Amino acid sequence: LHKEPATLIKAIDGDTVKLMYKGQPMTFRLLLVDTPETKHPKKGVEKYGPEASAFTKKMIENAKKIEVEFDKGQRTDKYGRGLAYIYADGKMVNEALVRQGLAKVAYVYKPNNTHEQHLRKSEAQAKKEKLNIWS
């Protein structure tokens with residue numbers, strides 16, 4: 001796998017961000033994680049949704065360098081969103097959310113699961129620490 005540079009356009013939700021990638025605006029879905037929603041297809045504004053969304057936003061808005069890392073499977077979902085690991089100054093946003101108990105590890109689909117174990121370890125620690133989602 002390898003990291004490419006992107007530029008923030010707009011943060012949309014805890015799990016979705018708009019980036020400029022290779023010259024074009026693109027919506028990215030964060031791989032392997034489910035955050036609570038502020039714009040949920042059915043519910044609405046779920047609990048910890050606003051805090052997951054401010055965390056993604058702050059972490060990416062305050063970065064010097066954003067990079068996108070695709071996995072080895074398909075790179076877009078059926079809504080045309082890019083599927084990627086996102087890095088703010090070298091720190092994976094997907095893992096930061098899970099480590100903080102602001103996201104769960106999602107239902108996984110091979111072969112888009114390279115960082116699955118790593119994230120699952122972070123979720124286990126957030127759980128043991130009773131953070132946010134887990135309190």
Side-chain angles (χ1 to χ4, degrees):
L1 307 180
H2 79 115
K3 310 191 212 307
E4 308 162 66
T7 298
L8 175 67
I9 294 174
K10 182 168 162 48
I12 284 150
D13 225 2
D15 70 359
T16 304
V17 307
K18 210 172 238 203
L19 264 31
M20 193 73 47
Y21 172 73
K22 303 228 282 232
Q24 55 94 255
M26 233 197 124
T27 305
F28 280 87
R29 172 68 171 74
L30 297 179
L31 264 171
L32 294 197
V33 314
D34 290 330
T35 52
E37 225 88 282
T38 68
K39 44 200 44 106
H40 193 251
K42 290 77 54 194
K43 213 284 196 61
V45 182
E46 341 177 65
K47 202 177 155 11
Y48 288 114
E51 5 295 275
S53 172
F55 182 102
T56 296
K57 167 156 227 267
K58 262 43 254 230
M59 174 170 180
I60 300 257
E61 294 195 334
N62 294 129
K64 312 211 253 184
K65 277 167 355 138
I66 309 309
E67 299 161 293
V68 294
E69 180 178 65
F70 287 103
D71 211 325
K72 36 215 30 229
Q74 44 269 87
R75 305 199 200 332
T76 67
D77 67 11
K78 72 206 201 245
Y79 296 99
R81 297 187 289 182
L83 289 168
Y85 304 110
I86 303 294
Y87 293 86
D89 295 323
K91 279 210 37 169
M92 193 200 311
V93 184
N94 316 45
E95 190 273 336
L97 289 150
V98 170
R99 179 60 176 94
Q100 286 295 317
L102 291 176
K104 268 193 221 207
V105 185
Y107 194 91
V108 188
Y109 301 100
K110 237 220 228 179
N112 270 350
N113 62 170
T114 300
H115 298 311
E116 189 184 6
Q117 244 340 271
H118 182 76
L119 294 182
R120 264 171 205 300
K121 283 157 174 199
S122 295
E123 187 181 55
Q125 190 67 221
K127 283 170 342 112
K128 139 123 58 275
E129 300 180 6
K130 295 216 223 358
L131 299 171
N132 291 318
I133 269 17
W134 306 119
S135 73

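We count residues from 1, following the sequence as given.
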Self-check item: Check: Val17 and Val93 side chains under 4.5 Å, non-hydrogen atoms
Solution: no
Sorted by chain and number, sequence neighbours left out, side chain to side chain donor-acceptor pair (under 3.5 Å) with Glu95 holds for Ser122
- Query: Are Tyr87 and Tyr85 close enough that their ring centres sit under 6.0 Å apart?
  - Reply: no
*asked:* Let's go through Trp134 and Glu123 carefully: what are the C-alpha distance in whole Å and the side-chain angles of both, what is the deciding distance for side chain to side chain contact (heavy atoms under 4.5 Å, CB included) to 0.1 Å, and is it a yes or a no?
replied: CA-CA 10 Å; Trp134 306 119; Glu123 187 181 55; 3.7 Å; yes
TODO: Tell me, with the steps shown, if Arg99 and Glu129 meet side chain to side chain contact (heavy atoms under 4.5 Å, CB included).
DONE: CA-CA 10 Å; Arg99 179 60 176 94; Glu129 300 180 6; 2.6 Å; yes
If we only count heavy atoms from C-beta on, is the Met26 to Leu19 side-chain gap below 4.5 Å?
no
**Report entry** Flag, side chain of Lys39 to backbone of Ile12, donor-acceptor distance under 3.5 Å
**Finding:** yes
Scan the side chains in residues 47-56 for donor-acceptor partners under 3.5 Å anywhere in the protein, sequence neighbours excluded, and list what turns up.
residue: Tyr48; atom: OH; partner: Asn132; partner atom: O; Å: 3.2
residue: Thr56; atom: OG1; partner: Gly14; partner atom: O; Å: 2.7
residue: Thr56; atom: OG1; partner: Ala52; partner atom: O; Å: 3.2

| Are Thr7 and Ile66 side-chain neighbours, meaning at least one heavy-atom pair lies under 4.5 Å? | no
Item to complete: Could you tell me whether a side-chain N or O of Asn94 sits under 3.5 Å from a main-chain N or O of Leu31, the two making a donor and an acceptor?
Response: yes
Please say yes or no: joined through hydrophobic side-chain contacts below 4.5 Å, possibly via intermediate residues, are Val108 and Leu119 part of one cluster?
yes
Could you check whether any side-chain N or O of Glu37 sits under 3.5 Å from a backbone N or O of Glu46, counting only pairs where one atom can act as donor and the other as acceptor?
no
### Query
Is there a side-chain contact between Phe70 and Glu4 (heavy atoms, below 4.5 Å)?
yes
**Study point:** NZ/NE/NH1/NH2 to OD/OE distance under 4.0 Å, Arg29 and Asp34
**Key:** yes
Heavy-atom side-chain contact between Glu69 and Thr114 under 4.5 Å:
no
Output for pair (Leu8 CG, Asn62 CG), nearest 0.5 Å, gives 10.0 Å
Nearest heavy-atom contact between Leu1 and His115 is CD1-NE2, 4.4 Å
What one should report as the nearest heavy-atom pair of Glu67 and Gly90 is OE1-N, 4.5 Å
message: Check for me, please, whether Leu131 and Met92 land in the same ILVMFWY cluster - side-chain distances under 4.5 Å, paths through other members count.
response: no
### Message
Please evaluate residues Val105 and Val98 with respect to the criterion side chain to side chain contact (heavy atoms under 4.5 Å, CB included), reporting the C-alpha separation (whole Å), side-chain torsions for both, the decisive distance (0.1 Å), and the verdict.
### Response
CA-CA 7 Å; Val105 185; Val98 170; 4.3 Å; yes
Sequence neighbours excluded, the answer for side chain to side chain donor-acceptor pair (under 3.5 Å) partners of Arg81 is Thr16, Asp77
Closest non-hydrogen contact found for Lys91 with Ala96 is NZ-CB, 3.9 Å
Any side-chain heavy-atom pair of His118 and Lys121 under 4.5 Å: no
Smallest heavy-atom separation, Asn112 atom then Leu32 atom, equals O-CD2, 3.4 Å
When every non-hydrogen atom of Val45 is compared with those of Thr38, the smallest separation belongs to CG2-O, 3.6 Å
Non-hydrogen side-chain atoms of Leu102 and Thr35 separated by less than 4.5 Å
no
Exercise for review: For residues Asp89 and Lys65, determine if any side-chain heavy atom of one lies less than 4.5 Å from a side-chain heavy atom of the other.
Suggested key: yes
So CG of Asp13 and OG1 of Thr27: to nearest 0.5 Å the spacing works out to 11.5 Å
Closest heavy-atom pair, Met59 versus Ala88, reported as atoms and distance to 0.1 Å, is O-CB, 3.6 Å
- NZ/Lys42: more than 12 non-hydrogen atoms of other groups inside 6.0 Å: yes
